[PDB]
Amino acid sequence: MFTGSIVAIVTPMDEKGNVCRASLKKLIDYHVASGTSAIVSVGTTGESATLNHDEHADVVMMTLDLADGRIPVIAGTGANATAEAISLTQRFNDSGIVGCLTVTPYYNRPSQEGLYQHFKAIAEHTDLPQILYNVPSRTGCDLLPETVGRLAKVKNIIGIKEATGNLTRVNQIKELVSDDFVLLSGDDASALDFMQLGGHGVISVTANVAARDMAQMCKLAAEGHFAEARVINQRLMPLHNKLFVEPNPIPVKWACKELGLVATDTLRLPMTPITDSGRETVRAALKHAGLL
């Protein structure tokens, strides 16, 4: 549920840029069959930025219905205004989602005290479990371990998706929080190293197209079989990197289409179709992973 290989699932779109229900169902059945632990619905990879809140709720509610009780669904609920974060979260109260993935406010660059106040007010207007999400290179803002320590004392703040790719953060945070506070990597290329240091799983872009390898990799890691998990990581490492050859989720949507998992690789502006040179790059990395 909050550990192992968690997919940050693309929002597959028809050519008009609206959610494609048939492609979404294909994707969800693929995750149930592959062993994926949970689905993060309309996170970064799911283009939260270009969906209005109604669209975004529709996709979450559609994903939960299609999951049909077979796989837990976590909703992306980030907003950079605290009143908007609370209001988006309330759409999902008493819904069936098992928890929220909520990013540090982006753009407005709050202090650590404003981060603390933002997440505490969100946690207060819900019963859902909250996973903090730190991704400074997107938000302009870095949620520090000390602040995570304060927030971990709030009853329903239960974990963090740490996407800095800064491995020292796993044990800085673990030292400050209780033993059942979940630590998840948001950086595919370092996620196995992150679990080896004591993280509990990964919210993954790579799991979109390599769900079975990823689930297998996190099970081995959780059991302590790191040399064995690493054989899989090496096969996947070209994808861990090349799925960011162009801005995520441009490469992974193309990879989904190439694999027959979705009908189209359409995205919303300002995301642009994959270039010819990106196609070639992602094709080669899919081949190396044994997927094509």
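Just count from 1 along the sequence shown to find any residue number.
Going by the mean C-alpha B-factor recorded in the entry, which is higher: 167-175 or 213-221? Mean B over CA atoms: larger for 213-221.
Which has higher Cα B-factors on average according to the PDB entry: 4-12 or 281-289? On average, C-alpha B-factors are higher across 281-289.
Which listed residue, 188, 142, 113, 146, has the largest C-alpha temperature factor in the record? Among 188, 142, 113, 146, the highest C-alpha B-factor in the entry belongs to 146.
Residue, from 155, 109, 118, 138, that the PDB entry assigns the highest Cα B-factor: Answer for 155, 109, 118, 138: 155, with the highest C-alpha B-factor.
Lowest, middle or highest third: which one holds residue 50 when the chain's residues are ordered by CA B-factor from the entry? Lowest third, going by the recorded CA B-factors of the chain.
Report the third (lowest, middle or highest) to which the CA temperature factor of residue 88 belongs, ranking only the modelled residues of the same chain. Highest third, going by the recorded CA B-factors of the chain.
Could you place residue 235 in the lowest, middle or highest third of its chain by Cα temperature factor, using the values in the record? For residue 235, the deposited C-alpha B-factor lands in the highest third.
For the chain shown, is the CA B-factor of residue 161 in the lowest, middle or highest third of its modelled residues? For residue 161, the deposited C-alpha B-factor lands in the lowest third.
Split the chain's modelled residues into thirds by Cα B-factor; is residue 194 in the lowest, middle or highest one? As the PDB entry reports it, the C-alpha B-factor of residue 194 lands in the middle third of its chain.
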